[PDB]
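Written below as structure tokens is the structure these notes are about.
We did not get these values from a lab; they are worked out from the coordinates using the rules stated. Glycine also receives a Cβ, built like all others from the backbone with ideal geometry; neighbour counts cover every protein chain displayed.
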Amino acid sequence: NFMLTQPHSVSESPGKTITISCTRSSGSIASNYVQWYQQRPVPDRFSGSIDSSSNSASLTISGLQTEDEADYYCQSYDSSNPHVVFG
Amino acid sequence: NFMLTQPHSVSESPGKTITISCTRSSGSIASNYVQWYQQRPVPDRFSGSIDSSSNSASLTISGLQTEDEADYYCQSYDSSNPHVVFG
Amino acid sequence: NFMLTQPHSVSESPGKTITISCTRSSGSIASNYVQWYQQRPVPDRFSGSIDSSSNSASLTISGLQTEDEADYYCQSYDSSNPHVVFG
Amino acid sequence: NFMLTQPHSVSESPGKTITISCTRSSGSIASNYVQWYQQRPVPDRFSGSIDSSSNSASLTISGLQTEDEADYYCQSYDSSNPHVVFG
Amino acid sequence: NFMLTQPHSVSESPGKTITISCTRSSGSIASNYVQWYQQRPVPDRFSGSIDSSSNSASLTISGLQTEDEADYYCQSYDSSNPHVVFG
């Protein structure tokens, strides 16, 4: 899958950031995740409860294959040359 | 799947950010996720309860294949050259 | 599927942002997700309850195939060259 | 499916943003999703209750195929070159 | 399906935004979704209740096929070159 779940703030920054190319992924994730992120460049209270959690991630591939003749030709080209003038 | 769920704020930033090309993904995710993100470049109270959660993610592929003669030719070209003038 | 669910704010930023090409995805997601995102470049109260949640995501592919002669030719070209003048 | 559900605000930004091409997706999603997004470039109260939720997402493909001779030729071309003058 | 449900505001931005081409999607979605999005470039109260929700999404394809001789030739061309002058 593609869980692109990122609450990110971007200032004036002409670039490319995340770039994924020619990647193969296959796995299982079971996560109980708690985060308090505080950035201050008055009272703060954080309460997080997960309680009883049952996370199951099962992947089964019972395959059989004869002659494959596999040719995995993955070519990736990425060019990023921004031209930014501030005035 | 494609869970593109990101509450992001972008300032003046001519670019490309996320770019996914020639990628194969197949997996299972079971997530109990809690986040409090605070950025302050008065009273803050965060209460998060998950209680009893049962997350099940099952993937089964019981396949059989004879001669495949697979040829996976994945060619990707990406060009990003912005020209931004501020005045 | 394609769950494109992102409450994003974009300032003056001529670009391309998300770009997905030549991607194959097949999986299962079970998510109990809680987020409080606060950005302040007076009283804030956040209460989130999930209580009893039963998330089930089942994918089954019981297939059988003979000679496939598969040829996966995925060619992608993306060009983005904006010309923005501010005055 | 195509769940294009994004409450996004776009400033003066001549571009292309989301672009999906030559993509194959097949999966199951079970989501209990709660978000409070606050951006302030007086009293704020957020109460969210999911209570008892039963989400089931079942996908079954019990197929059988003989000789396929599959040829997946996916060619995608995207060009975006805006010319914007402000005066 | 095509659930194009996005309450978006677009400023002066000559572009293309969402563009979907040569895509195949087949899946199941079960979503209990709550969002409060606040953007302020006095009292705010948000109350959201889902209570008891039973979401079921079942997809079944019990198919059988002989020799297919499948040839999936998907060619997509997209060109967007706006010329906007402000005066």
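What translational diffusion coefficient, in µm²/s and rounded to a whole number, does the Stokes-Einstein relation yield for the protein assembly as shown at 25 °C and a viscosity of 0.890 mPa s, taking the hydrodynamic radius as the Kirkwood radius over Cα pairs?
Values: Rh = 23.2 Å.
The Stokes-Einstein estimate is 106 µm²/s.
Using θ = phi - 60° and the Karplus form 6.51 cos²θ - 1.76 cosθ + 1.60, what ³J(HN,Hα) does each residue of the stretch B:19-33 get, whole Hz, x for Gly and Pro?
Coupling constants for the stretch B:19-33: 8, 10, 8, 6, 10, 10, 9, 7, x, 10, 10, 10, 10, 10, 10 Hz.
How far apart are the D:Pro43 label points across copies, placing each 7 Å from Cα toward Cβ, in nm, shortest first?
0.5, 0.5, 1.0, 1.5
Kindly give the distances from A:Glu12 to its copy-mates, label point to label point, with each label point 7 Å from Cα along Cα→Cβ, as nm values to one decimal ordered shortest first.
0.5, 1.0, 1.5, 2.0
For the stretch E:36-51 and the stretch D:33-62, what is the centre-to-centre distance using only Cα atoms, to the nearest Å?
If we compute the Cα centre of each part, the gap is 13 Å.
Could you pull the copy-to-copy label distances for A:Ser25, with points set 7 Å along Cα to Cβ, in nm to one decimal and sorted shortest first?
Here the equivalent label points are 0.5, 1.0, 1.5, 1.9 nm apart from this one.
Grab every C-alpha pair in chain E, bin the distances at 5 angstrom width from 0 up to the longest one, and report whole percents.
2, 5, 10, 12, 14, 14, 12, 11, 9, 6, 3, 1, 1, 0
May I ask for the Kirkwood hydrodynamic radius of the stretch A:42-87, worked out over all distinct Cα pairs and given in angstroms to one decimal?
On the way: mean 1/r = 0.0503 Å⁻¹.
It works out to 19.9 Å.
So what J values fall out for the stretch A:75-87 if you push phi through Karplus, 6.51 cos²θ - 1.76 cosθ + 1.60 with θ = phi - 60°, rounded to Hz, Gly and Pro as x?
10, 10, 10, 9, 10, 9, 10, x, 10, 10, 10, 9, x
Going by how many other beta carbons lie within 10 Å of each one, how would you line up E:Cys22, A:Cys22, C:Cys74, fewest first?
With the sparsest Cβ surroundings first, the list reads A:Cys22, E:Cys22, C:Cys74.
Taking the beta-carbon count within 10 Å as an exposure proxy, list D:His83, E:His8 from fewest neighbours to most.
Ordered from fewest to most neighbouring Cβ atoms within 10 Å, D:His83, E:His8 come out as E:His8, D:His83.
Take the Cα atoms of the stretch C:19-70, find their three principal axes, and give me the spread along each one in whole Å, biggest first.
67, 34, 5
Please order A:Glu67, B:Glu12 by the number of other Cβ within 10 Å, starting at the fewest.
Ranking A:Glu67, B:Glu12 by Cβ neighbours within 10 Å, fewest first, gives A:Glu67, B:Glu12.
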